[PDB]
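Order of writing sets the labels: A, B, C, D, E and F. Residues in every chain begin at 1.
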Amino acid sequence: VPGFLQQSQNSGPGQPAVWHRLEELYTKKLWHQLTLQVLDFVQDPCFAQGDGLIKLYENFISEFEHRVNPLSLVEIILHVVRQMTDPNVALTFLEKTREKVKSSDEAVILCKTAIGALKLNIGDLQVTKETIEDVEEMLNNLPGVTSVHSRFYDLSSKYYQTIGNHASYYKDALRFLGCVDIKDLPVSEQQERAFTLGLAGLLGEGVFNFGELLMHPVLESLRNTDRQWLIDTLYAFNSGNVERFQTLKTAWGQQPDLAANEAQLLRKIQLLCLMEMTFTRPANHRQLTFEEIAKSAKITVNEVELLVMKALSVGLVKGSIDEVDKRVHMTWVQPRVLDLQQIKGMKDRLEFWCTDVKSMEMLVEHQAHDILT
Amino acid sequence: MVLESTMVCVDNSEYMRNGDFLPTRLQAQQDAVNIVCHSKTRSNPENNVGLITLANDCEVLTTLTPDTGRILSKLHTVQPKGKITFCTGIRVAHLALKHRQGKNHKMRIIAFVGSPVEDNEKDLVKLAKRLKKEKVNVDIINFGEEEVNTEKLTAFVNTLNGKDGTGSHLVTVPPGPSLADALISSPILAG
Amino acid sequence: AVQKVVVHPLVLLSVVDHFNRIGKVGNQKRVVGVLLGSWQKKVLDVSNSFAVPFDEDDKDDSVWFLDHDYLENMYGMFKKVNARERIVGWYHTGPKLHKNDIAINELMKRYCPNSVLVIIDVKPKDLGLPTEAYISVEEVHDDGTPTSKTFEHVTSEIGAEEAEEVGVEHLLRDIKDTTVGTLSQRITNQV
Amino acid sequence: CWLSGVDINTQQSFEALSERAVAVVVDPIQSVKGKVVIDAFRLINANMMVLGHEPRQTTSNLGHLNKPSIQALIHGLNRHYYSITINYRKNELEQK
Amino acid sequence: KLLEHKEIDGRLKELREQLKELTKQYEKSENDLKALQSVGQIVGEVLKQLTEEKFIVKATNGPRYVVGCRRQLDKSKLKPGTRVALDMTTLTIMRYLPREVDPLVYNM
Amino acid sequence: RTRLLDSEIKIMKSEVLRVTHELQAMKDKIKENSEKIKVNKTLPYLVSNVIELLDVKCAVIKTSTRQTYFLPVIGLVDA
């Protein structure tokens, strides 16, 4: 039976030098070397004819020798893509001989990652909804491993492809930013992930940050490889607002998914120009005109009342507009940084105010010099 | 009737769930604890013994006590699956022995190594002359699977004691099947 | 969970007196101790605390020692004389946080889930406010590491209790309540 | 305050065991920030009655301790007792 | 052949059930020892609302007092006519109660 | 031949639990009932009147001195 494994899996020379180590290693009865070297045997990217032929034999020994369960089996079920190439029998195999089989802190949730991720090409967000939700129902405070957050980000993104809540792409991008442990993010492989990044957090409208994620560089490292004028109008998805070439060109290029966003991305920059003008413009002008609204907002003179009353109903600003002369009135707002690392506003207002109330507090002391007596 | 403060520093690293020891390495180091507690009790019932681990955690786990029942209660649910940390596991032992008030009891520290980790020889020769200042001759009994003939633990024992010292028997593990008694045949009389 | 507290300066003198225990004999120069807490409401309340015999080394800065008879059965004697008082957290000096903080956080959470430690000062000549309170939650990061138990801060405050200043305010004699209009608010102004 | 029978239960016991063996009588009621309401004394032997009980080498503090005009049951029990001075020592780091 | 694992599982069942049930009654009776913190109260009835924080209570053998609540004892609930539980030392109100009097109203 | 010895050592693993849980029963019970003997050696046991019962497990006391007491935890009886 070890002679059977030797005659079966050793399909080439030089390879069996460690398979003889395996057929002595079972007599040594030490299986953390299993957990390392046979995991490396699982790891091997090739055509891999031996591993799928021998996974049934390794299950025949996995019935007895209490294996380290999730690691090799889950990394090998996608090495089965030479042997079986069918999830509709692999789901049977999987759910029948693996739901009782785990060795981790929480590995029933990686079992649910397997279920949800193998019900992509056979299922469409109907029965995977409950169980993929049940994954983070069971996460909540647990991931002291967080290597399962790799497959949790996989269910996250590959299930977010199944439409529903575009505002969870800033959060799913936080998951991409907070999934991998070491630095290894590919460039020419994650430029396709830049193509889903930019053109799946851009078109949809649950997002409203408009340059906040553009601060983070792991996306622009993947976007400089993509076509620059799409990335130029991505750079115009910042405080440059009218720019009748830029968003026009991304309405030239990006062909699908420009039907529900028809004028609603214009509505997003139409509500966003108000916060960009009450924060960008160097205030003490808060009750103001309307032509800069009808110029930067790419709206007309007439349609600013819909603009201001809908933008008040949204909830990013709460000032009741002086409507008789189309005069703006504003409140609390959300910032997008000041002078390039906040030099000027910080200095000339914050420290100016510091020495203002500090030195006039010294003046309070100066006239209140001996009123303490 | 020697008065000592034996603080074994157990190993619950991720290499210690296999069966080169009898079924189970828990039972192997457990029997090592059994023989040291029974044997030091037969030399002196008025000692005090505590266990502690170093694989990713070092605790205040056991009070240094003669009662071997508490230690044998704490040899269950140990779960050897951690990442073995060699650096803090001896400083924690000697600061446990500096949290003593009976110091007419002398000092004995033993440690079980069944895992390789690399280290500078400076980072052990300073700790070995530190142990020479710290008045403990450490008797490391190596278990598990291991880098065969580690020089780091060898130089650690060599610069750990000289000039007719206690005679720290660095018993490196025999690689392969053996028992939890043939490896403590030699250090139980002189560690 | 923990939002604001009610803390009475009996814990403060219970810090300063162990500071008198380890100050003149100063070798590890730190007062680290356990904060008993009469957990009544969402607002917390303390009327008792004790200081553990404790050390904390610098190298790998995770070697540290409780005294679990002094931790368990002293708390049991305390529970017998006062069952209303139970554990709520702990305290230490050295207001610069460090790496062993998260380890004693790991152990303080298993005694009480919403535990809170107290950074103190032994000489507040402050603005001022008294000693600190945290809250330990898991937010992990935008990073993707295994669980980050980073110390979040509870806004600390002070309450009061009947008959606990009887001799002390008698000794100070410099008590001046009703003078707001010349000094008591200009101090706040300056401040 | 008063001089209890608990005094004559345990005071002979703790003057057998210990030497100074100071009895302590307490009350919290009389103020909240400005009084010294606790009270403390010590049992006198019967054997010193041959000596007249008026030596005291520093009579400022007996001129401060007799001075509050001792209240009811203390001098109801001047016998079996002799008083003791209780100041509050230098505790300024806590006081400030 | 391995019924000593069931002589160990039966030792677990019997010895652990018996010691855990003895220590469970000892847990609830250590809580009865913890009731040597919950040491007594008094009971009186609110006779009037003196001020918004004060009440005149009725010691059932005798005299009448001035009390307050604990902190949050619903000062609108404590109308003149309710019965309260009174503190032992501080003597103030601790807990409301029902009841009322002679069963010649009740027995009819 | 290996699992039976594992159950043999687990019998002592449960016997240590037997020792400690019988300690938490017996040595704590000596505390409890020594305190209760300390409550069982008194001047009377004052006769009284229990009139109602509460739940937010309680018992009220109205003595023959016409004193209405209360205790929230009842102690060595049941409801």
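Just so it is clear, contacts are C-beta pairs under 8 Å (C-beta built on N, C-alpha and C of every residue); 3 or more make two chains touch, one makes a residue touch a chain.
To keep track of the chains, here are their UniProt names: A = 26S proteasome non-ATPase regulatory subunit 13.
Graph distance from chain B to chain D, where chains that touch are one step apart, equals 2.
Pairs A-C and A-B differ in how many C-beta pairs touch across them, and the larger number is found at A-C. Centrality by C-alpha centroid: the chain sitting nearest the overall protein C-alpha mean is C. The mean-CA centres of chain D and chain E are about 40 angstrom from one another, to the nearest whole unit.
With each centre defined as the average position of its C-alpha atoms, the distance from chain C to chain E rounds to 32 Å. Per-chain CA centroids place chain C at a distance of 36 Å from chain D. In terms of their C-alpha centroids, the spacing between chain B and chain F amounts to 44 Å. In chain A, no residue touches two or more other chains. The set of chain C residues that touch two or more partner chains comprises 80. With touch defined as above, residues shared between interfaces to two or more other chains in chain F number as follows: 3, 10, 17, 31.
Pairwise chain contacts in this structure: A-B, A-C, B-C, B-F, C-D, C-E, E-F.
Those residues of chain A lying in contact with chain B across their complex are 28-33.
Those residues of chain A that touch chain C in the shared complex are 141-146, 149, 174, 177-181, 361, 364-365, 368, 371-373. Across the complex, chain F is touched by residues 22-24, 27, 30, 69, 72-73, 76 of chain B.
Across the complex, chain F meets chain B through its residues 2-3, 6, 9-10, 12-13, 16-17, 19-20.
Contact residues on chain B toward chain A in their complex (touch as defined above): 14-15, 17-20, 145, 176-177.
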